[PDB]
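Chains as they are written, first to last, in our numbering: chain A, 258 to 332; chain B, 6 to 81.
The C-beta atom is built at its ideal place from N, Cα and C for all residues, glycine as well.
Heads up: the structure comes next, in structure tokens.
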């Protein structure tokens, strides 16, 4: 239902991950980059982790500092 | 998650399961079944399991092309 309402959000989030595939990225930083990239506010306000984890090849992990870090799986 | 207060052993039990499956991956359903086999008790979390797992340091979750959410311990 997310991808049906915002058809481009999947490509936009993947674009952001692709540009940050070296060190990973938090949800707050993703929203930040999203605003710079599209000139629009991030359209998901809830269940963001679940959305990110429905994108193939995307990983999430609990960092040392406790922060939730997202990345692309190494190929 | 406030379940750690109510169940002080749950961190070590879940970590034990992950350690025993650190080779490949493990799904939430498989974790709950390993949990019952290990403790003789049902898994005390009924919701937000991904969030619980992702608050354990060194644990990862990934979207397999099979669609299943796979959890593992991060390498090295």
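{"Asked": "Closer than 7 Å by C-beta to residue 310 (chain A): which residues in its own chain qualify, once you throw out the five before and the five after it? Chain order, please.", "Found": "317"}
{"Asked": "Would residue 269 (chain A) count as contacting chain B if we go by Cβ distances under 7 Å?", "Found": "no"}
{"Asked": "Using only alpha-carbon positions, find the residue among B:28, B:79, B:52 and B:80 that is nearest to residue 8 (chain B).", "Found": "B:52"}
{"Asked": "Does the CB of residue 329 (chain A) have a neighbour CB from chain E at under 7 Å?", "Found": "Here the protein chains are A and B, and chain E is not one of them."}
{"Asked": "Mind checking the stretch 63-78 of chain B against chain A and listing, in chain order, the residues whose C-beta falls within less than 9 Å of any C-beta there?", "Found": "63, 64, 65, 66, 67, 68, 69, 70, 72 and 74"}
{"Asked": "So the alpha helix (DSSP H) residue 274 (chain A) belongs to, where does it begin and stop?", "Found": "266-276"}
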